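Participant: Let me begin by handing over the structure; questions about it come next.
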Amino acid sequence: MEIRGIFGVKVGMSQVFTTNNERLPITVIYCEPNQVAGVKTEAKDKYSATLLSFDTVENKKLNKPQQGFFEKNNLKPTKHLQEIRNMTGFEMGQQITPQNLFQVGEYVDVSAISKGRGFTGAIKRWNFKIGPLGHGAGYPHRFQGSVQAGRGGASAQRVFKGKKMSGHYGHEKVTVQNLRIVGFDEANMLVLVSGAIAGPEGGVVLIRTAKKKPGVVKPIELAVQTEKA
Amino acid sequence: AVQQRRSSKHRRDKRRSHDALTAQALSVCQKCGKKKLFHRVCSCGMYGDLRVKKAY
Amino acid sequence: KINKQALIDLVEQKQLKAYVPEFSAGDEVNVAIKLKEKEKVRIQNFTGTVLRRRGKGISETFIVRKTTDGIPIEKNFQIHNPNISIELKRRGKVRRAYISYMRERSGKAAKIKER
Amino acid sequence: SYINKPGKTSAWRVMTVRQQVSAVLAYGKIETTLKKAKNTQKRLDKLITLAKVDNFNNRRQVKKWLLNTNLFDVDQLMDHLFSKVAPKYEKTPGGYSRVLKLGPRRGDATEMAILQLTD
Amino acid sequence: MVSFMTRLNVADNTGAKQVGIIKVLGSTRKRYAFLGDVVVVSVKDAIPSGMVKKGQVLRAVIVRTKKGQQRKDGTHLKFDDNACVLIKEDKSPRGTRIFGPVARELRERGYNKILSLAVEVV
RNA sequence: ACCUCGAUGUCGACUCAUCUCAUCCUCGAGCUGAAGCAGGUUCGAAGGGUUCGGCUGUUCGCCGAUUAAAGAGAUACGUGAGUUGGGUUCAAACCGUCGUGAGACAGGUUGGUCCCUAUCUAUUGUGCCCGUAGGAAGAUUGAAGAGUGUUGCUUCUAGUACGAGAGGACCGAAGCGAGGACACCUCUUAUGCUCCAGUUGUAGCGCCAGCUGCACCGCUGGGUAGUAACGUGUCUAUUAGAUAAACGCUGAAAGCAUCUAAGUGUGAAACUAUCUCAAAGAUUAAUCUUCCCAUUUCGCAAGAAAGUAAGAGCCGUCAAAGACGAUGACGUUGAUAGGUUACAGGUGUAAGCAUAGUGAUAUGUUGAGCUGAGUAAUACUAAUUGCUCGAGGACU
RNA sequence: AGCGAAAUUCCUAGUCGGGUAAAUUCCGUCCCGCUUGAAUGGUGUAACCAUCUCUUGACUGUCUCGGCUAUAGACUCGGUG
RNA sequence: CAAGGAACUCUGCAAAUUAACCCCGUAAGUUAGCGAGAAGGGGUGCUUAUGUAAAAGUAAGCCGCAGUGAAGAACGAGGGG
């Protein structure tokens, strides 16, 4: 449809107390008004999207090709540039307030790059189960199980493509939906969202409109303190 | 498990192609005539051009 | 711009209480919870002794333990959470900010008080 | 595994750290593996920071971080430090010592480095 | 952290002391049990003068967990024992006296006859 | 009675599962000796899933309990160059029998050794050179696929229809779920070994106190960042098209009639999408944008010779990276890492002084003291007074 | 005579009671016992077994359900190989 | 290492559980020797004093979360062959 997109950095993860006697763990995402760097059009580029530029840096340092383009475009130097589909409701070189994109209590989805786990194990990469260690069942216990399916030149004769095996874990741009918008901060351009944000602190996080519950908007009330001496 | 058939000279050389090494680093030291590699001390008793030790 | 992580505390300045009754792990207290029944927010007074008090700003919670019907029961309560009214009747004298042994050393329910 | 070398665990490393900070306080220059200097720099800077005050509690605290040598004893090293080295570095916020990368060792080509200090 | 064949106590006015879980209802491999769950139990320790005898297959509801469990609010109630009441195939129990308060974490599931005779509704 | 016995190692147990349908449930349709409910029946139908415990070496099999169900086969009676040999099939020993005798039992009985430094392909991740056609830097379309397509209970409609009476739905809606996968360590845990606290002796610091070497980090209680789940959030919905079986309208041959022949539809947990991954070595070599310049002047066809004004690489600091590689940031105008300072937070009233007690000990000093990784300012230190590749657009 | 599904019993996982929610194993019993049986000995038999088996209190990462701390490797660097 | 606690499994293999000293109590069987550390409980510290050749032990006060505070210390019972 017209899914909007905003960027931020996961600067913290705490709990925020909501009404009806419920504790809501909350990730804190520091944001900033992004600048439009490109506007793909259904006619000009066979698809309409927005190449948003974000993570602003000093004019002192930037890629001189890209920085020369930025001055030629008269824009400001930012570190990252990424595209978002269907977000074509504004113009070039424009700062965006998250207030104009989403409500304080509606439902959204969040894409992020997962934390790097390096050389993981298939027991943890695929979340498998290891049987008993008693009765002296040999030294090896953490392995991929039986890789044998068939043998001889008649049944399988090989390992098949698409086999669950270990390797590098994390560093994958994934998306998780149905995360409640909870709090806004226009004074410092920051958001307070429910759920557990993928990746470690300081990573780049994109927030988009909910894909399957966009029109579903139910605000979350704040548990005001009964503080009274 | 064990090797079944012996390899060939060309194949083993192609395998060893990754055993080749790259070029090292080389910087210039002015007061002491020497081409010492970068972020290292100078044998004339200095690091870079700053004198810190004995000339050895 | 560079992050500070003090903003984590800054965004939490809207759900704080100014009563801030300081206590210790081993204090003889009563915590009353203002819990709605369906209507009728009732005041459930949970008396007992403090066991642990640790956290980070808003995350600071505590454990209160008593004995009801001969059954020792302990429950966690969060400080900044609303509906929580805390009263302390005797400030104890505990050498540590945590008493794990008190889970089993239930003998001598009266504790030494500070001066 | 069964009977083999006992390893070089963190306890051995920190013991060597105490030995080497004692040595560098005795002399003022130590040439050794770079990695060990990288770890011992923090502890040496902390000891220097604690050496400015010269209070009996702080003396007792640093008592736990020296050793016995031939050039000077633990008391001799401590009094020499607290006498002359303490006011030497009282004007700079850290960075009292510098590690400079030397040439590789002859034996295992370990990257050698020298820890030194001066005003 | 209660599962199948977890020898658990009973704190109601009956003639048994220890029973054993045989199946925790739910999807296959539940393997966990917490407050408010309804389980099938085999009697393993019962006096001969009680209302029920050893080895009888019956239905129980666990009301105490030494590990405890977390309330939706955020107040984790932790017990020091693992006890359960016995029901007569409905929302009503079979004991006639409750020994110890019963929490509100399982009130929403129903079973109000048990909570009506509870020592205290936590 | 065979390619194989100059060797294709098995029964089972654990792990890995996959595919298929002669479908078990979940999906749909039709008939009934289908009042309802519960059904039986035949097919389309392979997306997901289909239990636990006792005994047997036993797979199997029997029994009990539970869900909607505890389906069936194949892959060398799959699965040791993934673990075990419980049985089984070395001698050893007995029981019952047989042979007179060595012994044997397709009888039981007790234990009774499972080798491997990975060459290649396939296969899971990550790099090196080149290509992608002047060089460099970003953003892409999508060529191709892959993951994923579980599902129960309660309530309302409603004890309503139906049914006479007991009994008792269908449709839809809401809530509660479980399970597995994804994500994080703020709530509960542990771990957290150069963090804190209490505490033991021994050998010493000459001695008292206080300390360190040793004792699993000496023991014990924890714990900063972090790590993991047993901690908490999401996910399974909904929907379009082609639709299978199936239900159809008109409508002939066959003047009736007919879902099919032309035309016109509905309709499946399956399929093409919509959820997620990913990407032009997609040689199918693509697209868009940006920057660099043509430093007089040659060669078998143009820059022998100044190889960039752009960038990258070598080297160092490192982390949100991270076996190495490689990723990203910083490289003196640098807060990138360390240190200083302060703070958060954790541990928990430090040493010592004074008072009381013969001594242990109690109180004030003191929530003091300390604190690897949490936060901020700080060039104080380390990132250099450095080097290399690196442009004239080969051609339509 | 004695013992008698036993180190013996194919049928057999024989029956029975206990055991066990649920036990082709176990305990005693039933005596037509395939092929038991009295120094190629038979039955009770005290104690004992690095003897075998079953149950039981406690006990635990055997398991439920795996994870972290340090090393020696596994990885890298230099020498050798 | 939070909880369960043999449920995994041919079977508690292994591991954990028990330990050393002093004080209570210890049964069946028994061939009188054993069983017996049976089965099971309490304490082990600091200071003063009572205490002896030395203690052990006891009284008062002192707390730690815990006082063979570290070290090394049988798990046990029943049935059957």
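Please note that chains go A, B, ... in the order of the structure tokens, that every chain numbers its residues from 1, and that ligands are numbered from 1 in the order shown.
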Looking only at alpha helix (DSSP H) from DSSP on the backbone, list the matching residues of chain E as a list in words.

Facilitator: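 Selecting the alpha helix (DSSP H) positions of chain E gives residues 112, 113, 114, 115 and 116 of chain E.
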
Participant: Produce a file of the selected residues containing N, CA and C atoms, as a CSV table (one decimal), in the first residue's frame.

Facilitator:
```csv
chain,number,residue,atom,x,y,z
E,112,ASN,N,-13.8,-21.3,40.7
E,112,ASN,CA,-14.0,-20.4,41.8
E,112,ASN,C,-14.4,-21.1,43.1
E,113,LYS,N,-14.9,-22.3,43.0
E,113,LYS,CA,-15.2,-23.0,44.3
E,113,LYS,C,-14.0,-23.3,45.1
E,114,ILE,N,-12.8,-23.5,44.5
E,114,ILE,CA,-11.6,-23.6,45.2
E,114,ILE,C,-11.2,-22.3,45.9
E,115,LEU,N,-11.2,-21.2,45.1
E,115,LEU,CA,-10.8,-19.9,45.6
E,115,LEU,C,-11.7,-19.4,46.7
E,116,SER,N,-13.0,-19.8,46.7
E,116,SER,CA,-13.9,-19.4,47.7
E,116,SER,C,-13.6,-19.9,49.1
```

Participant: Do a neighbour search on region 51-64 of chain G at 7 Å with only C-alpha atoms (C1' of nucleotides), toss out local chain neighbours closer than 4 positions, and write the hits as a ChimeraX atom specification.

Facilitator: /A:132-134 /G:26 /H:8,16-17

Participant: Take the residues just selected and output them with C-alpha atoms (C1' of nucleotides) as a PDB file, in the first residue's frame.

Facilitator:
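The resulting selection_14.pdb:
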```pdb
ATOM      1  CA  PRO A 132      21.541 -39.202  26.970  1.00  0.00           C
ATOM      2  CA  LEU A 133      25.169 -38.893  28.024  1.00  0.00           C
ATOM      3  CA  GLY A 134      25.060 -41.829  30.439  1.00  0.00           C
TER       4      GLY A 134
ATOM      5  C1'   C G  26      10.880 -60.027  39.846  1.00  0.00           C
TER       6        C G  26
ATOM      7  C1'   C H   8      16.835 -41.495  29.989  1.00  0.00           C
ATOM      8  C1'   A H  16      26.075 -37.304  42.863  1.00  0.00           C
ATOM      9  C1'   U H  17      24.664 -38.700  47.668  1.00  0.00           C
TER      10        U H  17
END
```

Participant: As a list in words, please: all residues of chain D that backbone DSSP puts in strand (DSSP E).

Facilitator: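 Going through chain D, the strand (DSSP E) residues come out as residues 29, 30, 31, 32, 33, 97, 98, 99, 100, 101, 102, 103, 104, 111, 112, 113, 114, 115, 116 and 117 of chain D.
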
Participant: Mind giving me the straight-line distance from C1' of residue 278 (chain F) to CA of residue 173 (chain A) in Å, one decimal?

Facilitator: 9.9 Å

Participant: Nearest to chain G: which of D:15, D:115, D:109, D:81 is it, counting only C-alpha atoms (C1' of nucleotides)?

Facilitator: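 Nearest candidate to chain G out of D:15, D:115, D:109, D:81: D:109.
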
Participant: Can you pull out the residues contacting region 26-36 of chain B? Cut-off 6 Å, using only C-alpha atoms (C1' of nucleotides), and skip same-chain residues under 2 positions away; I want them as a PyMOL selection string.

Facilitator: (chain B and resi 38) or (chain F and resi 386-387)

Participant: Residues of chain E within 7 Å of chain F, using only C-alpha atoms (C1' of nucleotides), as a list in words?

Facilitator: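 So the residues of chain E near chain F are residues 22, 23, 26, 27, 28 and 74 of chain E.
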
Participant: Need the shell around residue 335 (chain F): protein/DNA/RNA residues with any atom at most 12 Å away, counting only C-alpha atoms (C1' of nucleotides). Skip same-chain ones fewer than 6 positions apart. Format as a list in words?

Facilitator: residues 2 of chain C; 317, 329, 376, 377, 378 and 379 of chain F

Participant: Please save N, CA and C atoms (P, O5', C5', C4', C3', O3' and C1' of nucleotides) of the selected residues as a PDB file, in the first residue's frame.

Facilitator:
```
ATOM      1  N   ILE C   2      26.183  11.742  19.217  1.00  0.00           N
ATOM      2  CA  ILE C   2      26.731  10.575  19.899  1.00  0.00           C
ATOM      3  C   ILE C   2      25.802  10.223  21.052  1.00  0.00           C
TER       4      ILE C   2
ATOM      5  P     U F 317      47.263  -2.267  17.147  1.00  0.00           P
ATOM      6  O5'   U F 317      46.220  -1.123  17.517  1.00  0.00           O
ATOM      7  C5'   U F 317      46.519  -0.145  18.503  1.00  0.00           C
ATOM      8  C4'   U F 317      45.374   0.820  18.670  1.00  0.00           C
ATOM      9  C3'   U F 317      44.018   0.186  18.946  1.00  0.00           C
ATOM     10  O3'   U F 317      43.820  -0.098  20.320  1.00  0.00           O
ATOM     11  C1'   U F 317      43.810   1.787  17.214  1.00  0.00           C
ATOM     12  P     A F 329      33.025   2.573   7.249  1.00  0.00           P
ATOM     13  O5'   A F 329      33.537   3.170   8.633  1.00  0.00           O
ATOM     14  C5'   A F 329      32.615   3.671   9.589  1.00  0.00           C
ATOM     15  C4'   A F 329      33.302   4.033  10.879  1.00  0.00           C
ATOM     16  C3'   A F 329      34.610   4.792  10.746  1.00  0.00           C
ATOM     17  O3'   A F 329      34.426   6.174  10.510  1.00  0.00           O
ATOM     18  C1'   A F 329      34.874   3.043  12.304  1.00  0.00           C
ATOM     19  P     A F 376      29.217   7.137  26.223  1.00  0.00           P
ATOM     20  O5'   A F 376      29.532   8.564  26.859  1.00  0.00           O
ATOM     21  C5'   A F 376      28.527   9.565  26.930  1.00  0.00           C
ATOM     22  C4'   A F 376      28.906  10.667  27.887  1.00  0.00           C
ATOM     23  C3'   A F 376      30.242  11.345  27.630  1.00  0.00           C
ATOM     24  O3'   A F 376      30.173  12.333  26.618  1.00  0.00           O
ATOM     25  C1'   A F 376      30.078  10.792  29.915  1.00  0.00           C
ATOM     26  P     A F 377      31.354  12.462  25.537  1.00  0.00           P
ATOM     27  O5'   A F 377      32.359  13.515  26.185  1.00  0.00           O
ATOM     28  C5'   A F 377      31.956  14.854  26.434  1.00  0.00           C
ATOM     29  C4'   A F 377      32.915  15.549  27.366  1.00  0.00           C
ATOM     30  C3'   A F 377      34.381  15.493  26.966  1.00  0.00           C
ATOM     31  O3'   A F 377      34.731  16.487  26.018  1.00  0.00           O
ATOM     32  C1'   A F 377      34.169  14.877  29.232  1.00  0.00           C
ATOM     33  P     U F 378      35.798  16.166  24.860  1.00  0.00           P
ATOM     34  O5'   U F 378      37.182  16.023  25.636  1.00  0.00           O
ATOM     35  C5'   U F 378      37.706  17.093  26.411  1.00  0.00           C
ATOM     36  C4'   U F 378      38.787  16.609  27.341  1.00  0.00           C
ATOM     37  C3'   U F 378      39.929  15.856  26.679  1.00  0.00           C
ATOM     38  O3'   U F 378      40.902  16.721  26.123  1.00  0.00           O
ATOM     39  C1'   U F 378      39.166  14.630  28.546  1.00  0.00           C
ATOM     40  P     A F 379      40.877  17.059  24.553  1.00  0.00           P
ATOM     41  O5'   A F 379      42.316  16.605  24.046  1.00  0.00           O
ATOM     42  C5'   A F 379      43.493  17.060  24.701  1.00  0.00           C
ATOM     43  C4'   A F 379      44.555  15.990  24.752  1.00  0.00           C
ATOM     44  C3'   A F 379      45.744  16.204  23.815  1.00  0.00           C
ATOM     45  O3'   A F 379      46.926  15.703  24.436  1.00  0.00           O
ATOM     46  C1'   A F 379      44.709  14.146  23.314  1.00  0.00           C
TER      47        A F 379
END
```

Participant: Can you list, as a ChimeraX atom specification, every protein, DNA or RNA residue that comes within 8 Å of region 65-78 of chain D when you count only C-alpha atoms (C1' of nucleotides), leaving out same-chain residues fewer than 3 positions away?

Facilitator: /D:18-19,21-22,25-26,61-62,81-82

Participant: Would you pick out the contacts of residue 5 (chain A) at 10 Å or less, using only C-alpha atoms (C1' of nucleotides), so that residues sharing its chain but fewer than 6 positions from it are not included, and give the list as a ChimeraX atom specification?

Facilitator: /A:34,50,52,83-87,96,98,101-102,109-110,206-209

Participant: Residues of the last selection are to be written out with C-alpha atoms, as a compact mmCIF listing (two decimals), in the first residue's frame.

Facilitator:
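Result went into out-v9.txt, see below:
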```txt
# COMPACT_ATOMS: atom_id res chain seq x y z
CA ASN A 34 15.99 11.51 7.69
CA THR A 50 12.16 6.38 -1.56
CA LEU A 52 16.24 7.73 2.24
CA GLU A 83 15.36 2.34 -0.16
CA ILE A 84 11.81 1.77 1.13
CA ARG A 85 8.94 0.77 -1.16
CA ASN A 86 5.57 2.54 -1.36
CA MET A 87 6.82 5.48 0.74
CA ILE A 96 10.70 13.66 8.17
CA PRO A 98 7.98 10.21 12.88
CA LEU A 101 4.27 8.61 9.77
CA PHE A 102 2.86 6.60 12.69
CA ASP A 109 6.93 -4.17 11.95
CA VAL A 110 10.67 -3.74 12.46
CA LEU A 206 14.19 0.25 10.24
CA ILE A 207 10.57 0.56 11.36
CA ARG A 208 7.73 0.16 8.85
CA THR A 209 3.94 0.05 8.85
```

Participant: Where does chain B meet chain F within 8 Å, residue by residue, with the nearest atom pair and distance in Å to one decimal for each, counting only C-alpha atoms (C1' of nucleotides), listed by chain and rising number, as CSV?

Facilitator:
```
residue,atom,partner,partner_atom,distance
B:1,CA,F:81,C1',4.3
B:2,CA,F:118,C1',6.9
B:3,CA,F:119,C1',4.0
B:4,CA,F:119,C1',6.3
B:5,CA,F:119,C1',6.9
B:6,CA,F:119,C1',7.3
B:7,CA,F:119,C1',7.6
B:18,CA,F:128,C1',7.5
B:23,CA,F:314,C1',7.9
B:24,CA,F:314,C1',6.9
B:25,CA,F:314,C1',5.2
B:26,CA,F:387,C1',5.8
B:27,CA,F:386,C1',5.2
B:28,CA,F:386,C1',6.2
B:37,CA,F:315,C1',7.7
B:38,CA,F:315,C1',5.2
B:39,CA,F:315,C1',6.2
B:48,CA,F:384,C1',6.7
B:49,CA,F:385,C1',7.1
```
